[PDB]
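Chemist: This is the structure, below, for whatever I ask next.
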Amino acid sequence: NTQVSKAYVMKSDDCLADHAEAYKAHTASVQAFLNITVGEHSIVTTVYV
Amino acid sequence: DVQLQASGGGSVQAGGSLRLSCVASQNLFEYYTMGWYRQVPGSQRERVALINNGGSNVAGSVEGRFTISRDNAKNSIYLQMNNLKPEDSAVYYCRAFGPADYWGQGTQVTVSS
Amino acid sequence: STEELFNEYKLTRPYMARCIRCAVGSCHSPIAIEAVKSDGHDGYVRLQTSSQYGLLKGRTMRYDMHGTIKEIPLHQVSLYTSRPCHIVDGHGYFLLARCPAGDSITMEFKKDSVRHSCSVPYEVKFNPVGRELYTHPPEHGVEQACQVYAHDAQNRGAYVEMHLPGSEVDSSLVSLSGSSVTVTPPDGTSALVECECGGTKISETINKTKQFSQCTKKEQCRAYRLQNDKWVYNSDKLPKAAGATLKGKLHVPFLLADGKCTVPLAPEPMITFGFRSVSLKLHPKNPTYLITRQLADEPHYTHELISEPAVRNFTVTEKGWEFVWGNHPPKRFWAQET
């Protein structure tokens, strides 16, 4: 009497929202929010450095 | 090697009862099928009953009289007979079955009218 | 909108499977456990069973028993790991409920005079949220995002496959005539029988009771049950069928979505200042995390779990200092000259 047993692995379907992600990071850039006042000319700005 | 030793055989009158017990030297009943077989003098062995974790079977020639029961903790199998007839006289063997086949040495059972 | 979700499960049937623990020993129970999944936070557990729930019936399980379909109200069932559980909702072969912790799960119901009960040793672990390791859900506190199972049964991106039902032997159908071996299939369905009593014989009696010669004892014949419809889940206790081993896939209920949860909030520690020194008196109700860090390039980060009241003294320089207590927001401080 012969029995074939087969098994394999897939991903849990609950982790569509809760899953760890790997990442490669490099080439950092800086940005700045500022409030400037020169000659009573007041402004709020977003600028790349 | 695996050893099966039966016990409880003897001589009784017609309509009587007997209890056979076969014990194994190791813990082997969980992975093996246990079977009771009878060898009438001058005839090939025939099945009396088989048992496993999933249940038991009893042959029609003995159905309604013989019952097969296993006891794993004590490493023993027990066969209960009632209303014994003279035709039931034979050498009863307890067989361990599975990856390998091991045969009991047999026990003499006789029933007299 | 509920009935369109509900309808797709009308193409399957309940079935038996082996549970190692009975009320006595190991059985082929009708309420067998396919698997248990517990990944939420508040202990809500989804369970996969061998019976159906809701069959357009509100609160009732539909199960199989020796080929006979039966149904019972859902209030007749109980379950527990160690302490009693609480049912929530069910759909298809799945049941979402509220349960406590424990390494095993037992579930059980009572027939007219028979108690069916099966248990399995699958871990049921509670998952607290936040930095406080509480045990049972509290009454109040601040609100945060959390991940929990779905109480509704909406169709989402998760499909599981089903197959044809198998051909399992029915010992009851094979019986004894006066002189032949009897096969009397239940009138209204096809059936097949295999026997080696004579030569090598296989035959498919259809709606006509068949006596069999050349077979003396019923042990020489085996009759199997056939059913074209009522597809079956990819189980392991059930033998597979013939032809492609596959017919389709269908959605799953009670998935892990995002909800809003309250969390316990710890008392305020007692602070004490000093020259480049800060002493703290602590009185935790429950185990809670303190996470402290210097605001410099080099952290000396200190993550610790406090469960008993205690006193602790640290040093804070002009370069700053930071600590977070349990679920409270971060605390920043700066030293100066005195």
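Labeling convention for the structure tokens: chains A, B, ... as they appear, residues from 1 per chain, ligands from 1 in order of appearance.
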Compute the chain C side of the contact with chain A at 12 Å, counting only C-alpha atoms, and hand it back as a PyMOL selection string.

Modeler: chain C and resi 37-40+46+146-150+156-160+234-237+239-240+251-259

Chemist: Go ahead and save the residues from that selection, with N, CA, C and O atoms, as a compact mmCIF listing (two decimals), in the first residue's frame.

Modeler:
```txt
# COMPACT_ATOMS: atom_id res chain seq x y z
N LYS C 37 -5.15 29.82 13.99
CA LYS C 37 -4.33 31.00 13.73
C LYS C 37 -4.66 32.06 14.77
O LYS C 37 -5.83 32.37 15.00
N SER C 38 -3.61 32.62 15.39
CA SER C 38 -3.77 33.67 16.39
C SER C 38 -2.62 34.65 16.22
O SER C 38 -1.50 34.39 16.69
N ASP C 39 -2.89 35.77 15.55
CA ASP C 39 -1.89 36.82 15.34
C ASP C 39 -2.37 38.21 15.72
O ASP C 39 -1.61 39.17 15.52
N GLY C 40 -3.58 38.36 16.24
CA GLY C 40 -4.07 39.67 16.65
C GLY C 40 -3.41 40.15 17.92
O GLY C 40 -2.29 39.74 18.24
N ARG C 46 -8.96 33.15 15.37
CA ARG C 46 -9.66 32.50 14.26
C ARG C 46 -9.29 31.02 14.27
O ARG C 46 -8.11 30.67 14.42
N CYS C 146 -4.01 49.71 16.02
CA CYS C 146 -3.73 48.33 16.38
C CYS C 146 -4.13 47.44 15.21
O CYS C 146 -4.85 47.86 14.31
N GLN C 147 -3.65 46.20 15.24
CA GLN C 147 -3.98 45.20 14.23
C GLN C 147 -4.79 44.09 14.89
O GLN C 147 -4.35 43.51 15.89
N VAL C 148 -5.97 43.81 14.33
CA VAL C 148 -6.88 42.83 14.91
C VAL C 148 -7.62 42.14 13.78
O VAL C 148 -7.69 42.66 12.66
N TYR C 149 -8.17 40.96 14.06
CA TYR C 149 -8.94 40.23 13.07
C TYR C 149 -10.18 41.02 12.67
O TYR C 149 -10.56 41.99 13.35
N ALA C 150 -10.83 40.62 11.58
CA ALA C 150 -12.02 41.29 11.08
C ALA C 150 -13.26 40.55 11.59
O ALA C 150 -13.36 39.33 11.44
N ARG C 156 -11.59 39.58 0.51
CA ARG C 156 -10.37 40.35 0.27
C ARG C 156 -9.38 39.50 -0.51
O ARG C 156 -9.72 38.41 -0.97
N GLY C 157 -8.15 40.00 -0.67
CA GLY C 157 -7.15 39.30 -1.46
C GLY C 157 -6.53 38.11 -0.76
O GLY C 157 -5.35 38.14 -0.41
N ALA C 158 -7.32 37.06 -0.55
CA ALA C 158 -6.81 35.83 0.06
C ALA C 158 -7.76 34.70 -0.33
O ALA C 158 -8.91 34.69 0.11
N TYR C 159 -7.27 33.76 -1.14
CA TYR C 159 -8.08 32.68 -1.68
C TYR C 159 -7.46 31.33 -1.32
O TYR C 159 -6.24 31.17 -1.35
N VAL C 160 -8.32 30.37 -0.98
CA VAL C 160 -7.93 29.02 -0.62
C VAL C 160 -8.65 28.04 -1.54
O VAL C 160 -9.80 28.27 -1.92
N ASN C 234 -8.74 21.62 0.82
CA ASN C 234 -7.47 20.90 0.75
C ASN C 234 -7.07 20.47 2.16
O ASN C 234 -6.29 21.13 2.85
N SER C 235 -7.63 19.34 2.58
CA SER C 235 -7.34 18.76 3.88
C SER C 235 -6.28 17.67 3.72
O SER C 235 -5.84 17.36 2.61
N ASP C 236 -5.87 17.08 4.84
CA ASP C 236 -4.95 15.95 4.86
C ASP C 236 -5.56 14.68 5.44
O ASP C 236 -5.07 13.59 5.15
N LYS C 237 -6.61 14.80 6.26
CA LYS C 237 -7.26 13.62 6.82
C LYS C 237 -8.16 12.92 5.81
O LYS C 237 -8.51 11.76 6.02
N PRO C 239 -9.04 11.41 1.96
CA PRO C 239 -8.40 11.01 0.70
C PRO C 239 -8.85 11.90 -0.45
O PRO C 239 -9.98 12.39 -0.48
N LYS C 240 -7.95 12.10 -1.40
CA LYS C 240 -8.24 12.95 -2.55
C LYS C 240 -9.06 12.18 -3.59
O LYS C 240 -9.21 10.96 -3.53
N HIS C 251 -12.59 32.96 -1.49
CA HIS C 251 -12.15 33.92 -0.48
C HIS C 251 -12.18 33.30 0.91
O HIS C 251 -12.71 32.21 1.14
N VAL C 252 -11.60 34.03 1.86
CA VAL C 252 -11.54 33.61 3.26
C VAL C 252 -12.11 34.73 4.13
O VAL C 252 -11.93 35.91 3.79
N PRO C 253 -12.79 34.43 5.25
CA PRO C 253 -13.31 35.50 6.10
C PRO C 253 -12.35 35.86 7.23
O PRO C 253 -11.34 35.19 7.43
N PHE C 254 -12.67 36.92 7.97
CA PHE C 254 -12.03 37.23 9.24
C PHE C 254 -10.52 37.39 9.09
O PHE C 254 -9.72 36.71 9.73
N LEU C 255 -10.13 38.32 8.21
CA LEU C 255 -8.73 38.60 7.97
C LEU C 255 -8.22 39.66 8.95
O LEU C 255 -8.98 40.28 9.69
N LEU C 256 -6.90 39.87 8.95
CA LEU C 256 -6.24 40.79 9.88
C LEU C 256 -6.29 42.19 9.29
O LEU C 256 -5.57 42.50 8.34
N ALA C 257 -7.15 43.04 9.85
CA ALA C 257 -7.27 44.43 9.45
C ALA C 257 -6.76 45.33 10.58
O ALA C 257 -6.26 44.86 11.61
N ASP C 258 -6.87 46.64 10.38
CA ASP C 258 -6.41 47.64 11.33
C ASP C 258 -7.60 48.26 12.05
O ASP C 258 -8.56 48.70 11.40
N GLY C 259 -7.54 48.28 13.38
CA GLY C 259 -8.55 48.90 14.20
C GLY C 259 -7.95 49.87 15.20
O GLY C 259 -6.75 50.16 15.15
```

Chemist: Can you list, as number ranges by chain, every protein, DNA or RNA residue that comes within 12 Å of residue 15 (chain B) when you count only C-alpha atoms, leaving out same-chain residues fewer than 5 positions away?

Modeler: B: 65, 81-88, 111-113

Chemist: Grab the residues selected above and save them as a PDB file, in the first residue's frame with C-alpha atoms.

Modeler:
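Once everything was written out, this is selection_6.pdb:
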```
ATOM      1  CA  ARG B  65     -18.133 -14.323  19.116  1.00  0.00           C
ATOM      2  CA  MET B  81     -13.669 -15.571  22.894  1.00  0.00           C
ATOM      3  CA  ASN B  82     -17.085 -16.806  24.014  1.00  0.00           C
ATOM      4  CA  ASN B  83     -19.364 -19.712  23.095  1.00  0.00           C
ATOM      5  CA  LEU B  84     -16.356 -21.725  21.951  1.00  0.00           C
ATOM      6  CA  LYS B  85     -17.092 -24.680  19.653  1.00  0.00           C
ATOM      7  CA  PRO B  86     -14.980 -27.789  18.905  1.00  0.00           C
ATOM      8  CA  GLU B  87     -14.338 -26.387  15.414  1.00  0.00           C
ATOM      9  CA  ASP B  88     -12.445 -23.457  16.980  1.00  0.00           C
ATOM     10  CA  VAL B 111     -12.359 -27.159  22.543  1.00  0.00           C
ATOM     11  CA  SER B 112     -14.206 -30.388  23.376  1.00  0.00           C
ATOM     12  CA  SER B 113     -17.888 -31.182  22.878  1.00  0.00           C
TER      13      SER B 113
END
```

Chemist: Interatomic distance between CA of residue 4 (chain C) and CA of residue 154 (chain C)?

Modeler: 10.1 Å

Chemist: Assign secondary structure with DSSP using the backbone only, and return the residues of chain A in strand (DSSP E or B) as a ChimeraX atom specification.

Modeler: /A:31-38,41-48

Chemist: Selected residues, C-alpha atoms, written as a PDB file, in the first residue's frame, please.

Modeler:
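After the write, selection01.pdb holds the following:
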```pdb
ATOM      1  CA  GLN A  31      15.364  69.816   3.404  1.00  0.00           C
ATOM      2  CA  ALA A  32      14.307  72.621   5.730  1.00  0.00           C
ATOM      3  CA  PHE A  33      11.184  74.514   6.733  1.00  0.00           C
ATOM      4  CA  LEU A  34      11.920  78.120   7.675  1.00  0.00           C
ATOM      5  CA  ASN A  35      10.273  81.346   8.786  1.00  0.00           C
ATOM      6  CA  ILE A  36      12.206  84.364   7.491  1.00  0.00           C
ATOM      7  CA  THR A  37      11.809  88.076   8.206  1.00  0.00           C
ATOM      8  CA  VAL A  38      13.933  90.602   6.292  1.00  0.00           C
ATOM      9  CA  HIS A  41       8.887  90.966   4.926  1.00  0.00           C
ATOM     10  CA  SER A  42       7.747  87.840   6.772  1.00  0.00           C
ATOM     11  CA  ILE A  43       7.479  84.527   4.904  1.00  0.00           C
ATOM     12  CA  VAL A  44       7.284  80.795   5.623  1.00  0.00           C
ATOM     13  CA  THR A  45       9.165  78.610   3.151  1.00  0.00           C
ATOM     14  CA  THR A  46      10.314  75.083   2.322  1.00  0.00           C
ATOM     15  CA  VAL A  47      13.794  74.850   0.798  1.00  0.00           C
ATOM     16  CA  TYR A  48      16.366  72.328  -0.393  1.00  0.00           C
TER      17      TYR A  48
END
```

Chemist: Distance limit 10 Å, atoms considered: only C-alpha atoms. Which chain B residues sit that close to chain C? Return them as number ranges by chain.

Modeler: B: 53-55, 57-61, 63

Chemist: Considering only C-alpha atoms, state which residue in the set B:9, B:98, B:50, B:78 is at the smallest distance from chain A.

Modeler: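 Among the listed residues, B:98 lies closest to chain A.
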